[PDB]
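In: take these chains first, placed just as they are in the complex:
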Amino acid sequence: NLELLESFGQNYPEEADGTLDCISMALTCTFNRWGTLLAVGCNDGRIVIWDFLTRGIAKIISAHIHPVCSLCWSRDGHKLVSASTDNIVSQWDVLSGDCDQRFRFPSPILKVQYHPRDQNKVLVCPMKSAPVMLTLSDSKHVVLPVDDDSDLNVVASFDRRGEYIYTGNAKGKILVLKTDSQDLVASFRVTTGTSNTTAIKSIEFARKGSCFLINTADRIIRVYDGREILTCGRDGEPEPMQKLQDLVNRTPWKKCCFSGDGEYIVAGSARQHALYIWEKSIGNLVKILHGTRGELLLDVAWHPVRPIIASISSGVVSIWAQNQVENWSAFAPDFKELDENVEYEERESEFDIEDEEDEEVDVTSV
């Protein structure tokens, strides 16, 4: 989409680069599929959408009176789904902003998600009760059965392909269910610490493969591979690909997401407002970031095809990309700015030497 001759040693974000000093009171953030837009919820129940290439504010849509605390994009990028303390199964359009669904169903919702291929299947995570999957036209709702019923705090999601439903209680027991027939094909209790269990805060997934993340509450982010769960099956005992923590400040986390290529992991503090970035493979911290030193972090995004990171603090959404360095030879490619004494003798065809197209390419193709 962008320049292909641009890669003069591309980087991974370092700078502050300037923010959106336009509308405060942000609450959450998420990108579309390609990484071209960003929906942001207000405090009174509105939507802020910012376009990236023009760096322009795309659309402002006023949803309701309750604050918007959950958002997701469709696969085409045309159906926004959201839920709040308003208790309403909502569905919104991007050309018009229409109230297509309105079903005020109790125990207000903490997270929504589409099935990643069919936009008919949507995720509903209540205040207390077990998570619910719905349809669009009719009210066919599928509450997943939970053996515990004692936490009243169950997290569940769909993975990259939508093959299965990874579910998780607040006791740290996982119940893998098939995405349509609810086949309990795999189960594991998380091997927390020495013996004593922990809660589960959230679970997210990737864009390439089946590596994923577990966000517990003992300040330890765990990384598993979904094919290892598939290889285990029932009564699985997975031990993680890579464990993550920072014991210097003993910092419990608020939000995590992956890179675009599934190579890098960002995760944010709940205390210091300082972002960390890790390598998936070799397994160490690579860079600490900072910001306004005394603010409270809310939500962190990532841009898939290009190293851009969105933060949220005090209703301000930062954008961090390199403060990139421009130079000569784009104005004049025949001249290149050297530094020192460069010798030019390697070619031998000098000192007065004189020696002795057919591709038809379409112009309106894709």
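Out: Alright, I've got the coordinates. Numbering: from 1, shown residues only, chains lettered A, B, ... in the order given.
In: which parts of the stretch 151-300 of chain A are helices?
Out: A:226-232 (DSSP state H, counting those that start in this stretch).
In: can you tell me the centre-most residue of chain A?
Out: residue A:257 (4.5 Å; Cα atoms, centre = their mean).
In: which ones are touching the closest residue to residue A:259 other than its chain neighbours?
Out: With Cβ to Cβ, 6 or more residues apart in numbering as the criterion, residue A:259 has its nearest non-adjacent residue at 6.3 Å, and that residue is residue A:302. The C-beta positions use only the backbone N, C-alpha and C, and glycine is treated the same way. Residues in contact with residue A:302 (Cβ atoms under 8 Å, 6 or more residues apart in numbering) are A:31, A:257-260, A:266, A:308-310.
In: identify, from those residues, the entry nearest to residue A:325.
Out: For the contacts of residue A:302, the residue nearest residue A:325 by Cβ to Cβ is residue A:308; the value is 16.9 Å.
In: my guess is the closest one contacts residue A:318, does it?
Out: No. Using Cβ atoms under 8 Å, residue A:308 makes no contact with residue A:318, being 10.3 Å away.
In: if I look at the two, which residues touch both of them?
Out: Counting by Cβ under 8 Å, 6+ apart, nothing touches both residue A:308 and residue A:318.
In: how many residues are close by residue A:292?
Out: 11 (other Cβ atoms under 10 Å).
In: would you confirm that it contacts residue A:313?
Out: Yes. Shown here, residue A:292 and residue A:313 form a contact pair, counting by Cβ under 8 Å, at 6.3 Å.
In: between those two, what contacts are shared?
Out: residue A:273.
In: which residues sit against stretch A:314-328?
Out: By Cβ under 8 Å, 6+ apart, the list of residues contacting stretch A:314-328 reads A:11, A:13-21, A:23-26, A:29, A:38, A:40, A:43, A:50, A:289, A:291-292, A:295-296, A:306-311, A:335-337.
In: now that stretch, how far from the centre of its chain.
Out: Relative to the mean C-alpha coordinate of its chain, stretch A:314-328 is positioned 19 Å out (Cα atoms, centre = their mean, to the nearest Å).
In: would you put the C-alpha positions of it in CSV?
Out: Output of stretch A:314-328 as CSV, limited to C-alpha atoms (Å, rounded to 0.1, in the frame of the first residue of the first chain):
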residue,chain,number,x,y,z
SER,A,314,-5.8,10.9,30.9
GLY,A,315,-8.0,10.7,27.8
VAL,A,316,-4.9,11.4,25.6
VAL,A,317,-4.0,8.9,22.9
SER,A,318,-0.3,8.9,22.0
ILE,A,319,1.2,7.7,18.8
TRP,A,320,4.9,6.7,18.8
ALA,A,321,6.9,6.1,15.6
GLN,A,322,10.6,6.9,15.4
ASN,A,323,10.5,10.7,14.7
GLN,A,324,12.0,9.5,11.4
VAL,A,325,15.0,11.1,9.8
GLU,A,326,14.9,12.6,6.3
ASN,A,327,18.0,13.3,4.2
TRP,A,328,19.1,14.0,0.6
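In: following sequence is chain B, place it on the structure:
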Amino acid sequence: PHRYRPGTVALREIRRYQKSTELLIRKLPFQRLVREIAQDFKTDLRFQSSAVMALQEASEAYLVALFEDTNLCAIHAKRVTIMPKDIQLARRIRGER
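Out: Next up, chain B placed on what we already have:
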């Protein structure tokens, strides 16, 4: 039509201010100064009052010592009027810069 020879009011104010001890800078502008430059290190702090008084005492004593060493410099240069190259000389000699 009665006015003093110039300098008399200066010397009597010198004795009048050395015969007393109090806070000398007005307190609320100094408190607003302290909060405004404390903004830059951690947002939305919460001071006490005795910490502000301690800062005012430390800054008052530092300025008084600086001006007396400045006045020694200006008398050494066979002058009376203090010019800011004296202050910059004093902070260059003392080792703070």
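In: chain B added, so what about the neighbour count of residue A:292 now?
Out: 13 (other Cβ atoms under 10 Å in any protein chain shown).
In: which residue does chain B have closest to chain A?
Out: residue B:43 (4.0 Å; Cβ to the nearest Cβ).
In: what about that residue, how many residues nearby?
Out: If we define neighbours as other Cβ under 10 Å, then residue B:43 has 12 of them.
In: then residue A:289?
Out: 19.
In: contact partners for it?
Out: By Cβ atoms under 8 Å, 6 or more residues apart in numbering or on different chains, the contact list for residue A:289 reads A:13, A:274-277, A:320.
In: bridging residues for residue A:189?
Out: Residues in a beta bridge with residue A:189, per DSSP bridges, are residue A:173.
In: would the residue of chain B closest to chain A count as being in a helix?
Out: No. Assessed with DSSP: H, G, I helix; E, B strand; the rest coil, residue B:43 is coil; it does not lie in a helix.
In: gap between the residue lying closest to it once chain neighbours are set aside and residue A:336?
Out: Distances taken as Cβ to Cβ, 6 or more residues apart in numbering or on different chains put residue A:294 closest to residue B:43, at 4.0 Å, once the chain neighbours are dropped. Distance of residue A:294 to residue A:336, computed by Cβ to Cβ, to the nearest Å: 47 Å.
In: same thing with residue A:77?
Out: From residue A:77 to residue A:336 the distance is 42 Å (Cβ to Cβ).
In: neighbour count: these two, which is higher?
Out: A side-by-side neighbour count of residue A:77 and residue A:336, using other Cβ under 10 Å, places residue A:77 first with 13 against 10.
In: list the contacts of that one.
Out: So residue A:77 contacts A:32-34, A:37, A:94 (Cβ under 8 Å, 6+ apart).
In: with residue B:2 instead?
Out: Applying Cβ under 8 Å, 6+ apart, no residues contact residue B:2.
In: is it correct that residue A:304 is in contact with residue A:35?
Out: Yes. Assessed by Cβ under 8 Å, residue A:304 is found in contact with residue A:35 at 4.5 Å.
In: need the overlap of contacts for these two.
Out: In contact with both residue A:304 and residue A:35: residue A:260, using Cβ under 8 Å, 6+ apart.
In: how many residues are close by the closest residue to residue A:108 other than its chain neighbours?
Out: Excluding the flanking residues, the one nearest residue A:108 by Cβ to Cβ, 6+ apart is residue A:85, at 4.5 Å. By other Cβ under 10 Å, 15 other residues sit near residue A:85.
In: I'd say residue A:85 and residue A:66 touch.
Out: Yes. Contact criterion Cβ under 8 Å: residue A:85 and residue A:66 qualify, at 4.6 Å.
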